[PDB]
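Q: Coordinates in query_37.cif, mmCIF, C-alpha atoms and all ligand atoms, are listed below.
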```cif
data_upload
loop_
_atom_site.label_atom_id
_atom_site.label_comp_id
_atom_site.auth_asym_id
_atom_site.auth_seq_id
_atom_site.Cartn_x
_atom_site.Cartn_y
_atom_site.Cartn_z
CA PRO J 1 0.00 0.00 0.00
CA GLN J 2 0.78 3.66 0.03
CA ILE J 3 0.35 5.07 3.53
CA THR J 4 -0.33 8.73 4.06
CA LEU J 5 1.25 10.61 6.99
CA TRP J 6 -1.68 13.03 7.59
CA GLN J 7 -2.46 10.62 10.50
CA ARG J 8 -0.37 8.29 12.62
CA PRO J 9 0.48 5.28 10.46
CA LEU J 10 -1.14 2.52 12.57
CA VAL J 11 -1.44 -1.05 11.40
CA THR J 12 -2.56 -4.38 12.73
CA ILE J 13 0.07 -6.92 13.51
CA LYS J 14 -0.19 -10.57 14.42
CA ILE J 15 2.26 -11.83 16.92
CA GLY J 16 2.37 -14.62 19.50
CA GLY J 17 -1.14 -15.67 18.61
CA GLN J 18 -2.40 -12.11 19.38
CA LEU J 19 -3.67 -9.09 17.27
CA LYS J 20 -2.26 -5.75 18.22
CA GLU J 21 -2.20 -2.23 16.82
CA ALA J 22 1.23 -0.70 16.21
CA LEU J 23 2.84 2.41 14.78
CA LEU J 24 5.10 2.19 11.66
CA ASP J 25 8.09 4.08 13.00
CA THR J 26 11.03 4.88 10.63
CA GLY J 27 12.75 6.65 13.58
CA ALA J 28 12.90 3.44 15.68
CA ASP J 29 15.92 1.00 15.35
CA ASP J 30 13.92 -1.68 17.11
CA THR J 31 10.40 -3.00 17.39
CA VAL J 32 8.93 -2.48 20.92
CA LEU J 33 5.65 -3.76 22.24
CA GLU J 34 3.73 -3.36 25.53
CA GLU J 35 3.94 -6.16 28.08
CA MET J 36 3.06 -9.53 26.60
CA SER J 37 4.27 -13.11 26.70
CA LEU J 38 6.59 -14.53 24.06
CA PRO J 39 8.24 -18.00 23.87
CA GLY J 40 11.91 -18.84 24.00
CA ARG J 41 15.06 -17.11 25.33
CA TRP J 42 15.41 -13.43 26.15
CA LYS J 43 17.92 -10.95 27.54
CA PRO J 44 17.50 -7.57 29.18
CA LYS J 45 18.11 -4.36 27.30
CA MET J 46 17.89 -0.57 27.83
CA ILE J 47 16.51 1.51 25.06
CA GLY J 48 16.36 5.22 24.81
CA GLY J 49 14.23 7.92 23.24
CA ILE J 50 12.81 11.24 24.10
CA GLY J 51 12.41 11.40 27.89
CA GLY J 52 15.24 8.83 28.56
CA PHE J 53 15.47 5.02 28.81
CA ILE J 54 13.29 2.04 29.67
CA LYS J 55 14.26 -1.55 30.41
CA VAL J 56 12.87 -4.16 28.05
CA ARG J 57 13.19 -7.89 27.32
CA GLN J 58 14.78 -8.75 23.98
CA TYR J 59 13.33 -11.80 22.14
CA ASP J 60 15.02 -12.87 18.89
CA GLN J 61 13.67 -14.81 15.84
CA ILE J 62 10.01 -13.99 16.52
CA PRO J 63 7.52 -14.50 13.65
CA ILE J 64 5.30 -11.56 12.99
CA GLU J 65 2.75 -10.58 10.36
CA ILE J 66 2.20 -7.01 9.30
CA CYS J 67 -0.46 -6.14 6.67
CA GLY J 68 -0.37 -9.70 5.43
CA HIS J 69 3.42 -9.60 5.12
CA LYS J 70 5.19 -12.28 7.13
CA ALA J 71 8.52 -11.48 8.67
CA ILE J 72 10.80 -12.64 11.44
CA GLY J 73 12.94 -10.54 13.79
CA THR J 74 13.77 -9.26 17.18
CA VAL J 75 10.92 -7.94 19.34
CA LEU J 76 11.45 -5.89 22.47
CA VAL J 77 8.84 -6.11 25.25
CA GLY J 78 8.40 -3.67 28.13
CA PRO J 79 6.71 -0.49 29.48
CA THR J 80 6.59 1.43 26.19
CA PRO J 81 3.73 3.98 26.12
CA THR J 82 2.84 2.75 22.58
CA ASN J 83 3.52 -0.21 20.25
CA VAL J 84 6.07 0.59 17.59
CA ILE J 85 7.26 -1.32 14.53
CA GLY J 86 10.90 -0.42 13.99
CA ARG J 87 13.29 -0.51 11.02
CA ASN J 88 14.38 -4.09 11.86
CA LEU J 89 10.96 -5.36 10.66
CA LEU J 90 10.00 -2.52 8.27
CA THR J 91 12.98 -3.63 5.99
CA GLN J 92 11.61 -7.17 5.82
CA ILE J 93 8.23 -6.15 4.39
CA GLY J 94 9.93 -3.84 1.89
CA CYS J 95 8.76 -0.60 3.46
CA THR J 96 10.31 2.64 2.05
CA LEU J 97 9.94 6.40 2.54
CA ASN J 98 9.12 8.25 -0.65
CA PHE J 99 8.85 11.90 -1.65
CA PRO L 101 13.84 10.07 -3.40
CA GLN L 102 13.13 6.56 -2.20
CA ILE L 103 14.75 5.79 1.10
CA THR L 104 15.18 2.26 2.37
CA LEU L 105 15.44 1.52 6.08
CA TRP L 106 18.44 -0.79 6.40
CA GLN L 107 20.17 2.23 7.96
CA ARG L 108 18.75 5.21 9.95
CA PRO L 109 17.00 7.61 7.53
CA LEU L 110 19.27 10.54 8.29
CA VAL L 111 19.11 13.55 6.00
CA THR L 112 20.51 17.03 5.83
CA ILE L 113 18.23 19.90 6.77
CA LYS L 114 18.77 23.62 6.70
CA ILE L 115 17.41 25.99 9.23
CA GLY L 116 18.46 29.56 10.10
CA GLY L 117 21.03 29.31 7.30
CA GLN L 118 22.79 26.31 8.98
CA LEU L 119 23.03 22.66 7.90
CA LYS L 120 22.14 19.95 10.37
CA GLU L 121 21.50 16.18 10.28
CA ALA L 122 18.07 14.96 11.21
CA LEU L 123 16.13 11.73 11.35
CA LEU L 124 12.95 11.21 9.22
CA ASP L 125 10.58 9.84 11.89
CA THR L 126 7.12 8.66 10.92
CA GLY L 127 6.54 7.69 14.58
CA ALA L 128 6.77 11.38 15.60
CA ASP L 129 3.73 13.80 15.47
CA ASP L 130 6.07 16.75 15.81
CA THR L 131 9.48 17.96 14.77
CA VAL L 132 12.00 18.43 17.59
CA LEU L 133 15.51 19.80 17.29
CA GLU L 134 18.43 19.98 19.74
CA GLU L 135 19.09 23.30 21.55
CA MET L 136 19.50 26.16 19.07
CA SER L 137 18.51 29.77 18.53
CA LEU L 138 15.30 30.69 16.67
CA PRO L 139 13.56 34.09 16.14
CA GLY L 140 10.38 35.36 17.66
CA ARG L 141 8.35 34.28 20.67
CA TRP L 142 7.85 30.76 21.79
CA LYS L 143 5.13 28.83 23.68
CA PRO L 144 5.40 25.91 26.05
CA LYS L 145 4.81 22.32 25.05
CA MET L 146 5.18 18.99 26.68
CA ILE L 147 5.88 16.06 24.48
CA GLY L 148 6.08 12.32 25.26
CA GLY L 149 8.52 9.75 24.03
CA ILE L 150 9.45 6.19 24.90
CA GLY L 151 11.26 7.38 28.02
CA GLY L 152 8.58 9.77 29.34
CA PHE L 153 7.95 13.49 28.92
CA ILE L 154 10.05 16.57 28.27
CA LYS L 155 9.37 20.29 28.08
CA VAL L 156 10.23 21.99 24.81
CA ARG L 157 10.03 25.43 23.29
CA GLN L 158 7.49 25.73 20.40
CA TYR L 159 8.33 28.10 17.52
CA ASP L 160 5.72 28.52 14.73
CA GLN L 161 6.04 29.31 10.99
CA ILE L 162 9.80 28.58 10.78
CA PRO L 163 11.32 28.05 7.35
CA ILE L 164 13.20 24.77 7.10
CA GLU L 165 14.65 22.80 4.13
CA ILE L 166 14.54 19.03 4.29
CA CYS L 167 16.63 17.16 1.73
CA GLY L 168 16.40 20.35 -0.41
CA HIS L 169 12.54 20.38 -0.07
CA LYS L 170 11.20 23.71 1.36
CA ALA L 171 8.85 23.63 4.31
CA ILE L 172 7.55 26.26 6.82
CA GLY L 173 6.12 25.11 10.09
CA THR L 174 6.30 24.39 13.74
CA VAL L 175 9.63 23.46 15.23
CA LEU L 176 10.11 22.36 18.81
CA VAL L 177 13.43 22.89 20.59
CA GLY L 178 14.57 20.84 23.60
CA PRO L 179 16.66 17.98 25.01
CA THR L 180 16.08 15.35 22.37
CA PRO L 181 18.60 12.49 21.76
CA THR L 182 18.59 13.47 17.96
CA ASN L 183 17.08 15.98 15.62
CA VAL L 184 13.79 14.48 14.43
CA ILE L 185 11.61 15.47 11.56
CA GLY L 186 8.05 14.51 12.39
CA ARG L 187 4.81 14.15 10.42
CA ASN L 188 3.94 17.86 10.64
CA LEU L 189 6.87 18.55 8.12
CA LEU L 190 6.99 15.12 6.43
CA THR L 191 3.48 15.92 5.10
CA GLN L 192 4.69 19.36 3.77
CA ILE L 193 7.40 17.68 1.62
CA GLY L 194 4.96 14.97 0.27
CA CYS L 195 6.39 11.98 2.17
CA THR L 196 4.57 8.63 2.23
CA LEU L 197 5.30 5.11 3.38
CA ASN L 198 5.17 2.42 0.70
CA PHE L 199 5.44 -1.35 0.57
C1 LIG N 201 17.80 2.36 21.51
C2 LIG N 201 18.02 2.75 20.07
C3 LIG N 201 17.67 4.11 19.63
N1 LIG N 201 16.31 4.38 20.00
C4 LIG N 201 15.35 4.20 19.19
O1 LIG N 201 15.51 3.80 18.01
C5 LIG N 201 13.90 4.56 19.77
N2 LIG N 201 13.25 5.53 18.82
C6 LIG N 201 12.55 6.58 19.28
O2 LIG N 201 12.37 6.82 20.48
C7 LIG N 201 11.94 7.54 18.15
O3 LIG N 201 11.89 6.84 16.91
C8 LIG N 201 10.57 7.99 18.53
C9 LIG N 201 9.63 6.85 18.52
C10 LIG N 201 8.27 7.36 18.21
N3 LIG N 201 7.62 7.92 19.40
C11 LIG N 201 6.48 7.14 19.62
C12 LIG N 201 5.71 7.53 20.83
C13 LIG N 201 4.42 8.11 20.69
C14 LIG N 201 3.69 8.47 21.83
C15 LIG N 201 4.24 8.27 23.10
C16 LIG N 201 3.51 8.62 24.27
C17 LIG N 201 2.10 8.40 24.29
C18 LIG N 201 1.34 8.72 25.41
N4 LIG N 201 1.95 9.25 26.52
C19 LIG N 201 3.34 9.48 26.52
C20 LIG N 201 4.12 9.15 25.37
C21 LIG N 201 5.50 7.70 23.22
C22 LIG N 201 6.23 7.34 22.07
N5 LIG N 201 7.25 8.99 19.18
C23 LIG N 201 7.83 10.03 19.86
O4 LIG N 201 8.75 9.89 20.71
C24 LIG N 201 7.24 11.41 19.51
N6 LIG N 201 6.07 11.62 20.36
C25 LIG N 201 4.90 11.75 19.85
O5 LIG N 201 4.74 11.72 18.62
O6 LIG N 201 3.80 11.95 20.71
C26 LIG N 201 2.58 11.69 20.03
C27 LIG N 201 8.27 12.57 19.74
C28 LIG N 201 9.58 12.26 18.99
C29 LIG N 201 7.64 13.91 19.19
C30 LIG N 201 8.56 12.72 21.27
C31 LIG N 201 12.88 8.82 17.99
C32 LIG N 201 14.24 8.48 18.27
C33 LIG N 201 15.04 7.97 17.26
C34 LIG N 201 16.38 7.63 17.53
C35 LIG N 201 16.90 7.80 18.81
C36 LIG N 201 18.27 7.45 19.10
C37 LIG N 201 19.19 8.15 18.16
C38 LIG N 201 20.56 8.58 18.64
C39 LIG N 201 16.08 8.31 19.83
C40 LIG N 201 14.76 8.65 19.56
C41 LIG N 201 13.00 3.19 19.98
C42 LIG N 201 11.50 3.51 19.83
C43 LIG N 201 13.42 2.10 18.95
CL CL N 202 16.00 -8.27 13.91
CL CL N 203 15.39 -3.42 -0.15
CL CL N 204 3.51 22.64 11.36
#
```
Transcribe the structure of this file into structure tokens.
Ligand SMILES: C=CCNC(=O)[C@@H](NC(=O)[C@@](O)(CCCN(Cc1ccc(-c2ccncc2)cc1)NC(=O)[C@@H](NC(=O)OC)C(C)(C)C)Cc1ccc(CC=C)cc1)C(C)C
Ligand SMILES: [Cl-]
Ligand SMILES: [Cl-]
Ligand SMILES: [Cl-]
A:
Amino acid sequence: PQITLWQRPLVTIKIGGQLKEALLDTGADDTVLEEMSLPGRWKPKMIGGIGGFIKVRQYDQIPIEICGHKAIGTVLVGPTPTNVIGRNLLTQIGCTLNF
Amino acid sequence: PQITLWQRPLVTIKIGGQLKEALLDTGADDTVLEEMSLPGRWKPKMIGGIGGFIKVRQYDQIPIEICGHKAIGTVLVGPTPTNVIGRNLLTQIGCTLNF
């Protein structure tokens, strides 16, 4: 699709058996989701943005589906104020900025 | 241009006659720049990021070039980890997301 930026670019994702809404975020290195359960190994991480840092759990090799596009990547889970899809997954569905 | 996301989408901007680097950030409502001088009066704003909230100075109707594309709009100034160009100016230069 072509997604306008007049509004926040929100999409549905499918992950860990769940449907969630998330923001397509070209400014984010990483994908970060609100507290949820995911299978397999994880390790702690600090990530930073405006306002400073939060501690998250890093899960690797997680299948995700975004607008019908399947991908796999790292997902961070923790007390983020909103769900964001970061560049690490945006690349995999072939998402570009255009003007 | 078409910009892929394998690296951070950093571009050159020009504001107050000076070149800076800034990040094209579809996850940001607003444009926020690191401490700098701008003309005129400002108003208070609080903005929220992943880490929590900061206070910034809001300047309106500021000319700014983004990748050579001319815009004029609201620029916030405050303690951000990077210069970020948000949707308020991305829309002025005709930016969309595509996949
Ligand atoms: C650890 C590696 C580097 N860090 C990052 O890549 C992180 N990226 C972000 O925080 C960023 O892309 C911003 C994410 C989008 N965020 C998403 C977001 C949106 C709303 C909130 C929110 C909601 C309700 N209440 C409080 C906050 C929080 C985060 N929106 C905002 O922060 C914006 N806020 C808003 O647009 O407010 C609507 C704004 C920039 C104007 C503060 C902007 C950004 C981009 C790069 C860097 C590091 C660069 C040296 C820092 C910040 C995470 C998300 C991957
Ligand atoms: Cl990844
Ligand atoms: Cl590509
Ligand atoms: Cl504006």
Q: Once you count all atoms listed in the file, which residues end up within 8 Å of ligand LIG 201 (chain N), and could you hand them over as a VMD selection string?
A: (chain J and resid 23 25 to 32 46 to 51 80 to 84 86) or (chain L and resid 123 125 to 132 147 to 153 180 to 182 184 186)
Q: Write the residues of the preceding selection, restricted to C-alpha atoms, as a compact mmCIF listing (two decimals), keeping the file's coordinate frame.
A:
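Written file, out-v6.txt:
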```txt
# COMPACT_ATOMS: atom_id res chain seq x y z
CA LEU J 23 2.84 2.41 14.78
CA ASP J 25 8.09 4.08 13.00
CA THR J 26 11.03 4.88 10.63
CA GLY J 27 12.75 6.65 13.58
CA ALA J 28 12.90 3.44 15.68
CA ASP J 29 15.92 1.00 15.35
CA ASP J 30 13.92 -1.68 17.11
CA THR J 31 10.40 -3.00 17.39
CA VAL J 32 8.93 -2.48 20.92
CA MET J 46 17.89 -0.57 27.83
CA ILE J 47 16.51 1.51 25.06
CA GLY J 48 16.36 5.22 24.81
CA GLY J 49 14.23 7.92 23.24
CA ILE J 50 12.81 11.24 24.10
CA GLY J 51 12.41 11.40 27.89
CA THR J 80 6.59 1.43 26.19
CA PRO J 81 3.73 3.98 26.12
CA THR J 82 2.84 2.75 22.58
CA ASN J 83 3.52 -0.21 20.25
CA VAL J 84 6.07 0.59 17.59
CA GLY J 86 10.90 -0.42 13.99
CA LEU L 123 16.13 11.73 11.35
CA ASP L 125 10.58 9.84 11.89
CA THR L 126 7.12 8.66 10.92
CA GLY L 127 6.54 7.69 14.58
CA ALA L 128 6.77 11.38 15.60
CA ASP L 129 3.73 13.80 15.47
CA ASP L 130 6.07 16.75 15.81
CA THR L 131 9.48 17.96 14.77
CA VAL L 132 12.00 18.43 17.59
CA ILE L 147 5.88 16.06 24.48
CA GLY L 148 6.08 12.32 25.26
CA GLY L 149 8.52 9.75 24.03
CA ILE L 150 9.45 6.19 24.90
CA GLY L 151 11.26 7.38 28.02
CA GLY L 152 8.58 9.77 29.34
CA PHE L 153 7.95 13.49 28.92
CA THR L 180 16.08 15.35 22.37
CA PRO L 181 18.60 12.49 21.76
CA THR L 182 18.59 13.47 17.96
CA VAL L 184 13.79 14.48 14.43
CA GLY L 186 8.05 14.51 12.39
```
Q: Neighbours of ligand CL 204 (chain N) at 7 Å or closer, counting only C-alpha atoms and all ligand atoms: which residues, as a PyMOL selection string?
A: chain L and resi 173-174+188-189
Q: Can you write out the residues you just picked, keeping C-alpha atoms, as a CSV table (one decimal), keeping the file's coordinate frame?
A:
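Everything below was put into part_35.csv:
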```csv
chain,number,residue,atom,x,y,z
L,173,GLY,CA,6.1,25.1,10.1
L,174,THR,CA,6.3,24.4,13.7
L,188,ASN,CA,3.9,17.9,10.6
L,189,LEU,CA,6.9,18.6,8.1
```
Q: Pairing every C-alpha atom in order, fit chain J onto chain L and give me the RMSD in Å.
A: 0.5 Å
Q: Counting all atoms listed in the file, which of J:59, J:14, J:94, J:78 gets nearest to ligand CL 202 (chain N)?
A: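 Smallest separation from ligand CL 202 (chain N) among the options: J:59.
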Q: I need the residue nearest ligand CL 202 (chain N) from this list: J:7, J:12, J:92, J:2. Use all atoms listed in the file for the distance.
A: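 With all atoms listed in the file as the atom set, the closest residue is J:92.
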Q: Hey, which residues sit close to ligand CL 203 (chain N)? Say within 12 Å, counting all atoms listed in the file, and write them as a VMD selection string.
A: (chain J and resid 87 89 to 97) or (chain L and resid 102 to 107 198 to 199)
Q: CA of residue 133 in chain L to CA of residue 176 in chain L: how many Å, to one decimal?
A: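 So the answer is 6.2 Å.
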Q: Could you tell me how far CA of residue 141 in chain L sits from CA of residue 119 in chain L, in Å to one decimal place?
A: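 Atom-to-atom, CA of residue 119 in chain L and CA of residue 141 in chain L are spaced 22.7 Å apart.
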Q: How far is it from CA of residue 10 in chain J to CA of residue 70 in chain J, in Å with one decimal?
A: 17.0 Å
Q: Check the smallest atom-to-atom distance from each of J:37, J:24, J:55, J:61 to ligand CL 202 (chain N) using only C-alpha atoms and all ligand atoms, then report the winner.
A: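 With only C-alpha atoms and all ligand atoms as the atom set, the closest residue is J:61.
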Q: Enclose all atoms of range 120-133 of chain L listed in the file in an axis-aligned box, grow every side by 6 Å, and hand back centre and edge lengths in Å to one decimal, as AutoDock Vina command-line options.
A:
```
--center_x 12.9 --center_y 13.8 --center_z 13.4 --size_x 30.4 --size_y 24.3 --size_z 20.4
```
